[PDB]
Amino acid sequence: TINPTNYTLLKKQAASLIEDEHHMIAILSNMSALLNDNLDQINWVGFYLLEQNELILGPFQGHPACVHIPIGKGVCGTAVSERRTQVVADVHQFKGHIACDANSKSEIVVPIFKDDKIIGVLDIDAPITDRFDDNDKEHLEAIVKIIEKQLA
């Protein structure tokens, strides 16, 4: 089982963490650590930023990952081409899935906006299937908005 996540506390800590900060890289770096520290049963949490119609690896907590991700390619690429959050209960079910990371079994990708344009994504995967449900989706999207407010 997955231990309950205290999102109310996490969201408050997120606001306080990046309050008065507007440097995107510094914000993304600290947020990856904050999420890593408060989410149970995850194995990789980080960000990808859009550059030249492709995602480029940004700050994250975990093992080294692939740097370039084409739009429409994989969970992250699809989150980008669709402009919508991707909640994957089992990565083996996602067509074009690109993540041979042995311990990557379920994932969630939330697009990040600024002036209605996608500027990157928050990517979190886990060592177990069905790690993220609709409840995690709601709160992680809300946390992304806390981040969006600082980059506005």
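One rule holds for the numbers: they count along the sequence shown, beginning at 1.
Just going by the entry, 106 to 114 versus 50 to 58 on mean CA temperature factor gives the higher value to 50 to 58. Here the stretch with the larger average CA B-factor, out of 66 to 74 and 32 to 40, is 66 to 74. Annotation for residue 27: C-alpha temperature factor in the lowest third relative to the rest of the modelled chain, per the entry.
When the modelled residues of the chain are ordered by their C-alpha B factor, residue 91 lands in the highest third. Ranked against the other modelled residues of its chain, the C-alpha B-factor of residue 123 as given in the entry falls in the lowest third. In the PDB entry, residue 133 places in the highest third of its chain by CA B-factor.
When the modelled residues of the chain are ordered by their C-alpha B factor, residue 8 lands in the middle third.
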